[PDB]
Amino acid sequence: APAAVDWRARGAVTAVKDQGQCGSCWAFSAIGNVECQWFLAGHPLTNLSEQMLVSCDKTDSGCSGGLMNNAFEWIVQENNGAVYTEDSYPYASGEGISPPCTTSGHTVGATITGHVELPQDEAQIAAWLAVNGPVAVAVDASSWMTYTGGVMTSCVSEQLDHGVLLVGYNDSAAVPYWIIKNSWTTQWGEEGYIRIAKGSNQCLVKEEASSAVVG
């Protein structure tokens, strides 16, 4: 693999967003991966809609939870591959209550044709990411409310409970790390990002990695 990749340097990652009090991390994980994957297919970077998934994806549980994988499939299977612009379908669940789904008034800002699930092995995730772009991962985020910056080297690794977006890694640093886009505003961590040590399954990062595939 290359020694270091950071997809933010390529103009491929949109701004840090804010899930608020809704348990919608899954939606932010998956839509973040679709924004990136769409850019990489040769389109302008477009902000896309989590509210679409939170409100309309009935194969997931709204502000109670969901799986990035079900979100991918619901897009392809039930919404004709369409992902709405964030503009045409703004986030309205900051309070922990999602409104009812609306099937009109929106504009398509990306489409996808499916998703891949990556192996449970950090070296192999990194290989895939190096080439194909940012990846949705699940993590144990228990530790993460105390996080203020730097590379974290000890992470409570017991149960997956949060969905985030893996955007780069650096193997040449004193402690190899992953670069992870979180959805708790820019007020948290490194301007909305976290860096966690790579190679030791910090936060169970290898366990549930996957990506949308665009046309």
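Whichever C-alpha set is largest while still superposing within 1.5 Å between the two forms counts as the rigid core. Each residue number is its position in the shown sequence, starting from 1.
- Averaged over structures and residues, the CA distance from the shown form in 7 other deposited structures of this protein after a core fit is larger for 149-157, of the two stretches 26-34 and 149-157.
- The stretch 80-88 shows the higher mean C-alpha B-factor when 80-88 is compared against 123-131 in the entry.
- Mean CA temperature factor is higher for 155-163 when stretches 155-163 and 29-37 are set side by side in the entry.
- Per the deposited record, 97 carries the highest C-alpha B-factor of all listed residues (71, 97, 112, 137).
- For the set 185, 61, 55, 146, the PDB entry puts the maximum C-alpha B factor at 146.
- The deposited CA B-factor of residue 47 belongs to the middle third of values across its chain.
- Sort the chain's modelled residues by C-alpha temperature factor and residue 205 lands in the middle third, per the entry.
- Per-chain ranking of the deposited C-alpha B factor places residue 195 in the lowest third.
- Ranked by C-alpha B-factor against the other modelled residues of its chain, residue 150 falls in the highest third.
- Annotation for residue 16: C-alpha temperature factor in the lowest third relative to the rest of the modelled chain, per the entry.
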